[PDB]
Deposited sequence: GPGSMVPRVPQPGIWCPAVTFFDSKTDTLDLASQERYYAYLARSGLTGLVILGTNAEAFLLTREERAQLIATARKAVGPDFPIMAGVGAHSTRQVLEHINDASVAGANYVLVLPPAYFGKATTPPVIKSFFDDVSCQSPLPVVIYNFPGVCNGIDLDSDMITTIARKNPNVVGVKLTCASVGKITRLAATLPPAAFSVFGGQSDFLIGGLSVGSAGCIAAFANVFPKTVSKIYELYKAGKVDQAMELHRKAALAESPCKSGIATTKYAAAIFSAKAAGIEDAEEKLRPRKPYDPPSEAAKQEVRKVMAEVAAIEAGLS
């Protein structure tokens, strides 16, 4: 069974497939893709993160994706669902939808419509208390939450079980560790390129966009660190950080289309991984860059899977 407090490890915030002719979710492809990712050494999936274009989805689509995730991975693989919105009412509706659809945890943005600090504090208090699922603070700056607010929120709310920091520092991680024991609270960095130092000071690890593209490689990096084989870990980490260069959403979707989605046997992956209307796909030149810059890590991934 999935623990109350999210397991340290490597998590992937999965991209979203759209049938472009009808502008609807492509759930058959989505299920194939989620299942492939969960079978590539990942600790868990983040569904409806920012990479999934969650804010472009209807409430019903959000719930279908969570349910599709659960079906793809089975009952023993952790799912963290993004639920962020503008009001407490919307957040609670998303949370309850997530709970019914099978999520284990909910990942919650602070309210943004730049809000004040007692507003942030009372929001998280109200949300943790009402939420049927354990809560991970989603810090994506839009306001930025320092160590003081996070610790305050966590100490008052035992249903708060972690934080995703998007731009995590070694200082920030350390401060959190010193005040919040790991058994009750998991810190996640959002950067694969942070994870070298990220884990060396006791993060719970990482929620990495790039694990969409080469999940086995990103998991190998983590696995080598936990084995103490720190020499080859850093050498592989280096290569992977190099390949991660291209960054936002449209480029990531396209990389997944030509690497992981193809590996998952999804046909026409490139059309299905266009950004949702009316947003445009990457330029030809952006696409050429992806293929050149990621070719080496692709060969490594074909070697590990």
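Asker: What residue ranges of the deposited sequence are absent from the coordinates?
Answerer: No coordinates exist for the deposited residues in 1 to 4, 118 to 120, 149 to 152, 259 to 260, so these stretches are absent from the model.
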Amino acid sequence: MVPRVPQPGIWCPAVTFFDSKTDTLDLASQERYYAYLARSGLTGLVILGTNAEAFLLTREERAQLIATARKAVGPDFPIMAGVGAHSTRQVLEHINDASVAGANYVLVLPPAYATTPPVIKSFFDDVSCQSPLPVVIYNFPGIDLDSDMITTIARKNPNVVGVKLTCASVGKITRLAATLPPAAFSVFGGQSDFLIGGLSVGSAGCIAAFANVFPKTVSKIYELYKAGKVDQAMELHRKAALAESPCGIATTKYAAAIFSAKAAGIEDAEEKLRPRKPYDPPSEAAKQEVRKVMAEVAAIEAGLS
From here on, numbers count along this sequence of modelled residues.
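Asker: Pick between 232 to 240 and 55 to 63: the one whose mean CA B-factor in the entry is higher.
Answerer: That would be 232 to 240.
Asker: Going by the mean C-alpha B-factor recorded in the entry, which is higher: 280 to 288 or 293 to 301?
Answerer: Result of the comparison: 280 to 288.
Asker: Using the entry's values, work out which of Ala211, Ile143, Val161, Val106 has the largest Cα B factor.
Answerer: Most elevated C-alpha B-factor of the set, per the entry: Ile143.
Asker: According to the deposited entry, which of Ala98, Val91, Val119, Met80 has the largest Cα B-factor?
Answerer: That would be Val119, according to the entry.
Asker: C-alpha B factor of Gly49, ranked within the chain: lowest, middle or highest third?
Answerer: Middle third by C-alpha B-factor.
Asker: Once the chain's modelled residues are ordered by C-alpha B factor and cut into thirds, is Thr251 in the lowest, middle or highest one?
Answerer: Middle third, going by the recorded CA B-factors of the chain.
Asker: Taking the chain's C-alpha temperature factors as the reference, tell me which third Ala112 falls into: lowest, middle or highest.
Answerer: For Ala112, whose C-alpha B-factor we compare with every modelled residue in the chain, the answer is the highest third.
Asker: Ranked by Cα temperature factor within the chain, is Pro132 in the lowest third, the middle third or the highest third?
Answerer: Middle third - that is where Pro132 ends up once the chain's C-alpha B-factors are sorted.
Asker: Ranking every modelled residue in this chain by its Cα temperature factor as given in the entry, which third contains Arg175?
Answerer: For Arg175, whose C-alpha B-factor we compare with every modelled residue in the chain, the answer is the highest third.
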